[PDB]
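Participant: Read top to bottom, the protein sequences are chains C, B and A. Note that the authors' numbering numbers the first sequence so that position 37 is 429, with each residue one more than the last. Note that the authors' numbering numbers the second sequence so that position 39 is 1274, with each residue one more than the last. Note that the authors' numbering numbers the third sequence so that position 5 is 6, with each residue one more than the last. For reference, the structure I am asking about is given below.
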Amino acid sequence: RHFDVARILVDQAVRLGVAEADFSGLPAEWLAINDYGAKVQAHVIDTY
Amino acid sequence: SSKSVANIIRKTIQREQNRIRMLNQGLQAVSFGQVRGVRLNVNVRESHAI
Amino acid sequence: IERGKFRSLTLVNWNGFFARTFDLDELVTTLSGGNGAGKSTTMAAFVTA
Ligand SMILES: Nc1ncnc2c1ncn2[C@@H]1O[C@H](COP(=O)(O)OP(=O)(O)OP(=O)(O)O)[C@@H](O)[C@H]1O
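Written as structure tokens, this is what we have:
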């Protein structure tokens, strides 16, 4: 079920403000979010 | 004859303009993508007004 | 052997993408978002490059 959660969670998170770092020109890293090799790329969401 | 033709054309154009512009108020802000509304723009053309 | 790969695609100052880098997958990359989200714009950027 992990995928079907991740997607949904992201859909809920991106409606809440933006991330100010996205204008810095500095790409974000692919942070692992579990075992088995799942990764996510997103800056911290600061500006609500 | 030419004067009559021009006059009838002007009258019909005004009537259709009024009808379409009145009809325009029959839309209520559809939200499609980033498009927030749709409208009809009817205007007598100057290149033909001359 | 060892086919070459597109590793990324960077848009700078495009409409809606001030500075955005996408990391193309080795097999499949999937842009996803509602109408107007700017997916055909990303593919246009790729084609233009
Ligand atoms: N040439 C253009 N001039 C102005 N605005 C444009 C132009 N091309 C696209 N846009 C706008 O840019 C935004 C994204 O366009 P785009 O075609 O990338 O959308 P999309 O997410 O691929 O859409 P869909 O999923 O419905 O195909 C939309 O607001 C679209 O109206």
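Using N, Cα and C, we set each Cβ at its ideal position, and we do this for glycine too.
Does at least one heavy atom of ligand 1 sit under 8 Å from the Cβ of A/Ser41?
Facilitator: By one-based count along the third sequence, residue 41 of chain A stands at place 40. Yes.
Participant: Which partner residues does A/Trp15 have in the DSSP bridge list?
Facilitator: Locating residue 15 of chain A in the third sequence gives position 14, counting from the first residue. Its beta-bridge partners are A/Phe18.
Participant: Could you pull out every residue in the same chain whose Cβ sits closer than 8 Å to the Cβ of A/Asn16, ignoring the five residues on either side in sequence?
Facilitator: Residue numbering aside, residue 16 of chain A sits at position 15 when the third sequence is read from its first letter. Hits under 8 Å: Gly39 and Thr42.
Participant: Please determine, among C/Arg407, C/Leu418, C/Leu408 and C/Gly409, the residue with the shortest C-alpha to C-alpha distance to A/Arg21.
Facilitator: The count along the third sequence starts at 1 and reaches residue 21 of chain A at position 20. Comparing Cα-Cα distances from A/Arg21 to each of C/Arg407, C/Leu418, C/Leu408 and C/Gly409, the minimum goes to C/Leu418.
Participant: Among B/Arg1256, B/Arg1245, B/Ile1248 and B/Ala1241, which one has its Cα closest to the Cα of B/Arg1274?
Facilitator: Walking along the second sequence from the start, residue 1274 of chain B turns up at place 39. For B/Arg1274, the nearest C-alpha among the options comes from B/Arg1256.
Participant: Taking all protein chains shown into account, decide if A/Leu12 is buried (16 or more other Cβ within 10 angstroms of its Cβ) or exposed.
Facilitator: For the purposes of this step, residue 12 of chain A is taken as residue 11 along the third sequence, with counting starting at 1. It counts as buried.
Participant: Spatial neighbours of B/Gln1252 within its chain, please: CB distance less than 8 Å, with the 5 preceding and 5 following residues excluded, ordered by chain position.
Facilitator: Taking the first residue of the second sequence as 1, we reach residue 1252 of chain B at position 17. Only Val1277, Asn1278 and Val1279 meet the Cβ criterion.
Participant: For A/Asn16, is the beta carbon positioned less than 8 Å from some heavy atom of ligand 1?
Facilitator: As a first step, residue 16 of chain A is located in the third sequence; it is residue number 15 there, counting from the start. At least one heavy atom of ligand 1 is nearer than 8 Å to the Cβ of A/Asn16, so yes.
Participant: Does at least one heavy atom of ligand 1 sit under 8 Å from the Cβ of A/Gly34?
Facilitator: Your numbering for residue 34 of chain A matches position 33 in the third sequence. The answer is yes for A/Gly34.
Participant: Rounding to the nearest angstrom, what Cα-Cα distance links residue 450 of chain C and B/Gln1260 in this structure?
Facilitator: Any property of residue 450 of chain C remains undetermined from this structure, which presents chain C solely from 393 to 440.
Participant: Return the bridge partner residues of A/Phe7 from the DSSP annotation.
Facilitator: Residue mapping note: residue 7 of chain A aligns to position 6 of the third sequence, counting from 1. Note: A/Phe7 sits in no beta bridge, so no partner.
Participant: Tell me where the beta strand (DSSP E) around C/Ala424 begins and ends.
Facilitator: Indexing the first sequence from 1 puts residue 424 of chain C at position 32. Its beta strand (DSSP E) spans residues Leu423 to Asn426.
Participant: Against A/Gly17, what residues of chain B qualify as contacts under a CB-to-CB distance less than 7 Å, listed in chain order?
Facilitator: Position 16 of the third sequence, counting from 1, holds the residue named residue 17 of chain A. Chain B residues near A/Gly17: none, gap ~10 Å exceeds 7 Å.
Participant: Going by beta carbon distance, what residues of the same chain come within less than 7 Å of B/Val1265, once the five residues before and after it are set aside?
Facilitator: For the purposes of this step, residue 1265 of chain B is taken as the residue at position 30 of the second sequence. Around B/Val1265: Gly1272 and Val1273.
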